[PDB]
Ligand SMILES: Cc1csc(Cc2ccccn2)n1
Ligand code: NA
């Protein structure tokens, strides 16, 4: 089997991407944030505290003939950005782009933090990291990918995120029309439950490539590119008037600037992030100070190749017995 679904940026900045997901019988279609940095499929629901819902579409398990309470199971998650949610668990049929899993754990939110409430466009998350990070207690649950894997034509999914445009998540096949050149594969460590890999270095604009190992994760659920302070300082030094602002919480730059590109290494291959991808617009409405898309990881404890980086590539998440990542230009 395969599946193919379109993913759409929620706003004009590409802060996140939503993908329609069918849950239950008859189908209830919710727009979920596919997150390769977490491992829970959770949804706003008929159980969510009424005051923490503002415009989301909810899952109502009592209207699904295939929904079953997973008795005793609870979940609770905190993300790197400080947000959180928690609740109880159903199993139900879940389909993505024509690929169907029966008995998927669908984590029903009773509570969500303010950042979720205030994002009317995201109806929940679909985690695509390794199932060792799943938060369900007392019986940890599998991701949608892990449950689908045995059925797929090839134990893979791919992320093809758009810049200010829709893109695609495919499951079970690699669309050889969706990228240019060849795919370079690189080793993955699953020791922290992430798609963790080591970039071979970077360049800023038309500068020389610096060969240096940068361990980090491929995370579709993180907006920005978080890298070591040395790398980030080298990038923003090439933008007149850029500075790190403690008040704003990162590097800002004059909205009048033209940003340089940023290149990252994947083995001997190179992925180029155009400068425009690194513009996240005014820090507040009408400001002439713009927020940068490359930020320091120094206060995180891990480097994160988030959407800024991933949308410059066609990315293969290879879930074979020994997982690997692949990157191609596009
Ligand atoms: C700055 C940003 C990135 S994604 C997003 C939307 C969001 C964040 C947290 C919870 C729910 N929705 N805002
Ligand atoms: Na922000």
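Numbers in chain A track Swiss-Prot; the residues on display, in order, are 90-419.
Every residue gets a Cβ built from N, Cα and C, even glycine.
In Swiss-Prot this protein carries:
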| type | residues | note |
| --- | --- | --- |
| DOMAIN | 106-417 | domain 'Peptidase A1' |
| ACT_SITE | 124 | active site |
| ACT_SITE | 288 | active site |
| DISULFID | 344-379 | disulfide bond |
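Feature map: Swiss-Prot annotations on the structure.
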residue: 124; record: active site; contacts (Cβ under 8 Å, 6+ apart): 214, 215, 216, 217, 218, 308, 309, 310
residue: 288; record: active site; contacts (Cβ under 8 Å, 6+ apart): 302, 303, 304, 305, 353, 354, 355, 394
residue: 344; record: disulfide bond; contacts (Cβ under 8 Å, 6+ apart): 370, 371, 376, 377, 378, 379
